[PDB]
């Protein structure tokens, strides 16, 4: 039994459209759905074509990492846009980020196809088979396409991209369904006041099934809240299973006290310090005590200091690129997380800024 006249269906996909400067990312996202919420990321909704699809354009990357990492941690499928001759520093940084995230499901869009030739595209596909070997991208399809209605081959490859997104989406729907039996968690990416509605948050159910009228909590505030209604693609629903992009009206909390990164759930860890078992990228600088990193967990991102580095429980003066270590980290702000949440560490002053992933010890 469910609300309304026709069940939602577990038909949905949340897709991140990412990549380097001048890669056709925004034009692709903009031609795949209707412009919705827009901050440092922009949602393009499309519930007109079978799935409730949300495409998130990380338009503030490469300027900021938060734009990219937010788009990624609310999405289940990544479309990495690489333009002709587009093997540059940011395409490399995106590949490294996806691989440090263990991001399973994606597609390479070889954009701007009308600006290039088959034989060049075949050479770039060959190249990418190399760069992505032994990474999570290794078996991602590369689809050549453009979004130029005036080209000789207008919108070639867009139908093929969409068909591959739907194939991957079907696999993710089964994976997310397995998570329905877990306790609900919802990650919030936006919060605002709505006249006559009060506190509304937008987010995605990460696991479990969130139900209308649930009495639960919000973290890191650690405050009791009630879910007054859940909306998906403009329609109120009684329940929202894992994977569902939601808008929720909340009782007992004010939008001004919520930030992107807050979590609705019955229990989360809240700390300002972290002890992480980390795997350091081969493509970063050795990590040293008392140095500065940026930490991302869920949809949160804050500066941290490395207090202590251990290898085999013994304290060391460095963690080399491409090594494993424990990092004791300290920070100012209280963050919420559970142990399943992958942490990413960055050095914002580098060229390739991603340093490591880790999990709470």
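Residue numbers count along the first chain shown, from 1.
Engineer: Tell me which stretch has the larger mean Cα B-factor in this entry, 97-105 or 145-153.
Structural biologist: On average, C-alpha B-factors are higher across 145-153.
Engineer: On average, which has the higher Cα B-factor in the deposited entry, 283-291 or 83-91?
Structural biologist: The stretch with the larger average C-alpha B-factor is 283-291.
Engineer: Among the choices 12, 18, 15, 345, identify the one whose CA B-factor in the record is greatest.
Structural biologist: It is 12.
Engineer: Report the third (lowest, middle or highest) to which the CA temperature factor of residue 65 belongs, ranking only the modelled residues of the same chain.
Structural biologist: Residue 65: CA B-factor falls in the middle third of its chain.
Engineer: State the tercile, meaning the lowest, middle or highest third, of residue 204 with respect to the CA B-factors recorded for its chain.
Structural biologist: Ranked within chain, residue 204 CA B lands in the lowest tercile.
Engineer: Going by the recorded CA B-factors, say which third of the chain residue 256 sits in, lowest, middle or highest.
Structural biologist: Highest third, going by the recorded CA B-factors of the chain.
Engineer: Comparing residue 212 with the other modelled residues of its chain, is its CA B-factor in the lowest, middle or highest third?
Structural biologist: Answer is middle: the recorded C-alpha B-factor places it there.
Engineer: Test of reading the entry: by CA B factor among the chain's modelled residues, which third contains residue 5?
Structural biologist: Middle third of the chain for residue 5's C-alpha B-factor.
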